[PDB]
Participant: 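First the structure, which I've put down as structure tokens, then a few questions once you've had a look.
Both backbone and side-chain heavy atoms feed into the values below; hydrogens, waters and symmetry mates do not. Here is the naming used below: chain letters follow the sequence lines, and residue numbers restart at 1 for every chain.
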Number of protein chains: 2
Amino acid sequence: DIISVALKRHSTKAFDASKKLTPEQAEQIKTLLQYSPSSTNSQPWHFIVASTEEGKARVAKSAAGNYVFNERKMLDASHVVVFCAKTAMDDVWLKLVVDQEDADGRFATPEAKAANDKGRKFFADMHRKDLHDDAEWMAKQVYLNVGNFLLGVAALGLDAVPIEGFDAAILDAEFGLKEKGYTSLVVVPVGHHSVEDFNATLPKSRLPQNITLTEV
Amino acid sequence: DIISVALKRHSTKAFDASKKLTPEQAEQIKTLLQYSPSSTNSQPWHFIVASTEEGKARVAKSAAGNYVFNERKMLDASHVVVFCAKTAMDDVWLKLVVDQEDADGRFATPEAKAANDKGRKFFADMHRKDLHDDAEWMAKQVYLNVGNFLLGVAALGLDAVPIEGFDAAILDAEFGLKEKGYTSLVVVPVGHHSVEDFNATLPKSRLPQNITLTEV
Ligand SMILES: Cc1cc2nc3c(=O)[nH]c(=O)nc-3n(C[C@H](O)[C@H](O)[C@H](O)COP(=O)(O)O)c2cc1C
Ligand SMILES: Cc1cc2nc3c(=O)[nH]c(=O)nc-3n(C[C@H](O)[C@H](O)[C@H](O)COP(=O)(O)O)c2cc1C
Ligand SMILES: O=C(O)c1cccnc1
Ligand SMILES: O=C(O)c1cccnc1
């Protein structure tokens, strides 16, 4: 059951480098990344899935220095996912999205398609021209994807840990993301924890609902 | 199978108001909200769970103007969750979190607790005092919670729909959130879809991985 998963999952502090995802699990995590929902189905994201030792080493470069202690997590985990957000929502991407929805048969008429495109453009423009938060808006969708992902991999019986402790400037440069129109936000190593994972046996802690939740 | 859940869930466009969550399910969705992970376990959030007609009507006030299209969703679903983020990170909240972790038994010594507190303050200050993006940083954690929530409720066999199409100023004012230190970000009606939910039978659509995903 999913509640058991939510209560038993945890942020892995150390991974067993010998335990790799099966080809099936490797495919499944990519499915999770792709099918996450997003506002207007904008999917303002890009994912870098590092599974080779050299690939993970490249990602780990972002932890060199001040976040050096996050390097082992990025190197020992079987697969490491870098969640990136678009730096700007261009019309080409908007058309890409609506044309894909059309190709998938979500529109019964050309007017239905036009209405969908018009609505998506309306909110994209609102965030860009009036709220002046389009970058944050897209980053928010990426974080939602991350939330979906962490629970999903836990439900697959895999360990993982979300990471904000890295230098996005270094990671972006390493993969030339800026020129490509993206920026790294969260790094998530996935695999199996080792005996070195001190957080695997500690009790989980959250504020009481009497503080965080109001019922009406 | 969490992958089947991810592939089969959908944004519900119409709910059957007579199909209520069971008592246990009502508690389970609250558990999901509570146990979502967050950066430094900051849990910079508040949730409003509306299950009464009066409660849902109060939330539905936000479905005005360009958002009237979302009023029925907020009124017809069994339970409606309002995801809120703190408007500013303060030391009182930081102390609350570390003291809770201590009460739950995560620290073996006073030094361990102090180290955890210093680490959390280090990143909170980075956002609040240097980057000046603590409002966005906290909102991102709320969206991660939302992502975890949508997959979780789908795994419970419940329908839902995330909503950004609501007037947050209206919702904030109706619940006096500003003075309390919070602001509404996403509204999520939860329940069971009706035969009128046209999106329950439409194919899901996502961009292909050859565009959004790079393996290395
Ligand atoms: C977006 C995000 C960034 C985080 N960054 C890191 C990190 O850089 N290093 C680390 O050890 N844990 C990291 N964490 C893990 C948290 O400290 C954690 O989710 C929280 O203490 C709750 O514990 P749990 O995940 O085991 O339930 C992060 C969590 C999130 C959601
Ligand atoms: C943060 C967020 C805000 C959204 N807002 C609304 C909304 O206001 N009204 C609505 O009908 N759907 C809303 N959606 C639903 C999306 O259009 C949907 O997630 C996306 O098209 C993909 O479809 P799916 O959820 O069925 O997989 C939103 C989704 C997210 C993640
Ligand atoms: O995804 C949608 O349909 C949507 C998102 C934001 C605001 N209104 C509609
Ligand atoms: O949750 C943590 O431990 C954390 C979050 C951001 C950066 N460094 C550590």
Participant: If we ignore hydrogens and angles and just use 3.5 Å, is the side chain of A:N199 paired with the main-chain N or O of A:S11 as donor and acceptor?
Facilitator: yes

Participant: Can you tell me if A:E24 has over 12 outside heavy atoms packed within less than 6.0 Å of its CD?
Facilitator: no

Participant: I need the single residue from A:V153, A:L158, A:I29 that forms a side chain to side chain contact (heavy atoms under 4.5 Å, CB included) with A:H79. Which is it?
Facilitator: A:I29

Participant: Whether B:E196 and B:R72 form a salt bridge (side-chain N of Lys/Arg under 4.0 Å from carboxylate O of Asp/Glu) is what I want to check.
Facilitator: no

Participant: When you measure from the side chain of B:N145 to the backbone N and O of B:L33, does any donor-acceptor pair fall under 3.5 Å?
Facilitator: yes

Participant: Taking the basic N atoms (NZ, or NE/NH1/NH2) and the acidic carboxylate oxygens, is any pair closer than 4.0 Å for A:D117 and A:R120?
Facilitator: no

Participant: Can you check whether A:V49 reaches A:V81 side chain to side chain, under 4.5 Å on heavy atoms?
Facilitator: yes

Participant: Do you know which two heavy atoms are closest between A:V142 and A:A85, and how far apart they sit?
Facilitator: CG2-CB, 3.5 Å

Participant: For the pair A:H132 (side chain) and A:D130 (backbone), establish whether a donor and an acceptor sit closer than 3.5 Å, ignoring hydrogens and angles.
Facilitator: yes

Participant: In the structure I gave you, are the side-chain heavy atoms of A:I2 and B:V5 within less than 4.5 Å of one another anywhere?
Facilitator: no

Participant: Please test B:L131 against B:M126 for side-chain contact (heavy atoms from CB on, under 4.5 Å), starting from the C-alpha separation and ending with a verdict.
Facilitator: CA-CA 6 Å; B:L131 300 170; B:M126 183 184 287; 4.2 Å; yes

Participant: In Å, rounded to the nearest 0.5 Å, how long is the span from CD1 of B:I211 to NE2 of A:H46?
Facilitator: 10.5 Å

Participant: Once rounded to the nearest 0.5 Å, what's the spacing between atom OG of B:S42 and atom CD of B:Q141?
Facilitator: 5.0 Å

Participant: Whether the side chain of A:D1 engages the backbone of A:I3 through a donor-acceptor N/O pair (distance < 3.5 Å, no angle test) should be reported.
Facilitator: yes

Participant: Does any N or O in the side chain of B:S62 come within less than 3.5 Å of the main-chain N or O of B:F166, such that one atom is a donor and the other an acceptor?
Facilitator: no

Participant: Tell me if a side-chain donor or acceptor on B:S36 pairs with a main-chain N or O of B:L32 at a distance below 3.5 Å.
Facilitator: no

Participant: Are any of the side-chain heavy atoms of A:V187 and A:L171 separated by less than 4.5 Å?
Facilitator: yes

Participant: Indicate yes or no: at least one non-hydrogen side-chain atom of B:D76 is less than 4.5 angstrom from one of B:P189.
Facilitator: no

Participant: Does the side chain of A:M89 come within less than 4.5 Å of A:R128's, by heavy atoms?
Facilitator: no

Participant: Do the rings of B:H193 and B:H10 sit parallel, tilted or perpendicular, given the 30° and 60° boundaries?
Facilitator: perpendicular

Participant: Is there a side-chain contact between A:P37 and A:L144 in this structure, where contact means two heavy atoms from C-beta onward sitting under 4.5 Å apart?
Facilitator: yes

Participant: For B:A160 versus B:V188, what's the shortest heavy-atom pair and its separation?
Facilitator: CB-CG1, 4.1 Å

Participant: Kindly indicate, with the supporting measurements, whether the criterion side-chain contact (heavy atoms from CB on, under 4.5 Å) is fulfilled by A:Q100 and A:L96.
Facilitator: CA-CA 6 Å; A:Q100 180 64 58; A:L96 194 67; over 6 Å; no

Participant: Atom OH of B:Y182 and atom CD of B:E179: how far apart are they, to the nearest 0.5 Å?
Facilitator: 11.0 Å

Participant: Is B:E71 close to B:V68 at the side-chain level, that is, under 4.5 Å between some pair of heavy atoms?
Facilitator: no

Participant: When the ring planes of A:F123 and B:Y67 are compared, do they come out parallel, tilted or perpendicular, using 30° and 60° as the limits?
Facilitator: parallel

Participant: For the residue pair A:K20 and A:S51, establish whether any side-chain heavy-atom pair is separated by less than 4.5 Å.
Facilitator: no

Participant: Strictly by modelled atom types, are A:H127 and A:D133 linked by a side-chain donor-acceptor pair under 3.5 Å?
Facilitator: yes

Participant: Would you name the heavy atoms of B:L202 and A:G105 that are closest together and state the gap between them?
Facilitator: CD2-O, 4.2 Å

Participant: B:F83 and ring-ring contact (aromatic ring centres under 6.0 Å, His included): which single residue from B:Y143, B:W45, B:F149 fits?
Facilitator: B:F149

Participant: Specify the closest pair of heavy atoms between B:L94 and B:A124, including all atoms of both residues, with the distance to one decimal.
Facilitator: CD1-CB, 4.0 Å

Participant: Checking side-chain contact (heavy atoms from CB on, under 4.5 Å) for the pair B:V161/B:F15: CA distance, chi angles, key distance, verdict?
Facilitator: CA-CA 10 Å; B:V161 61; B:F15 293 82; 3.8 Å; yes

Participant: Can you confirm whether A:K113 is buried at NZ, in the sense that more than 12 heavy atoms of other residues, nucleotides or ligands lie under 6.0 Å from that atom?
Facilitator: yes

Participant: Run A:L7 and A:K204 through side-chain contact (heavy atoms from CB on, under 4.5 Å) and show every step you take.
Facilitator: CA-CA 8 Å; A:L7 293 174; A:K204 187 171 296 305; 5.5 Å; no

Participant: Do the side chains of A:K121 and A:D91 get close enough for a salt bridge, i.e. N-O under 4.0 angstrom?
Facilitator: yes

Participant: Find the distance between CZ (B:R206) and OG (A:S38) and round it off to the nearest 0.5 Å.
Facilitator: 6.5 Å

Participant: For B:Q34 and A:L207, which heavy atoms make the closest approach, and how far apart are they?
Facilitator: OE1-O, 3.0 Å

Participant: Would you call B:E164 and A:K140 a salt bridge, using N to O less than 4.0 angstrom?
Facilitator: no

Participant: Answer yes or no: is there a donor N or O on one side and an acceptor on the other, between the side chain of B:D197 and the main chain of B:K13, under 3.5 Å?
Facilitator: yes

Participant: Within this structure, what is the OG1-NZ distance for the pair A:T183 and A:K178, rounded to the nearest 0.5 Å?
Facilitator: 10.0 Å

Participant: Is the number of heavy atoms from other residues, nucleotides or ligands under 6.0 Å of A:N66 CG greater than 12?
Facilitator: no

Participant: Any sub-3.5 Å donor-acceptor pair from B:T52's side-chain atoms to A:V216's backbone N or O?
Facilitator: yes

Participant: Test your reading of the model: is there a side-chain donor-acceptor pair from A:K95 to the backbone of A:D90, 3.5 Å cut-off?
Facilitator: no

Participant: Search all heavy atoms of A:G165 against all heavy atoms of A:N70 and return the closest pair with its distance.
Facilitator: O-ND2, 2.8 Å

Participant: Measure the CD1-NZ distance between A:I163 and A:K73 for me, rounded to the nearest 0.5 Å.
Facilitator: 4.5 Å

Participant: Could you tell me whether a side-chain N or O of B:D172 sits under 3.5 Å from a main-chain N or O of B:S184, the two making a donor and an acceptor?
Facilitator: yes

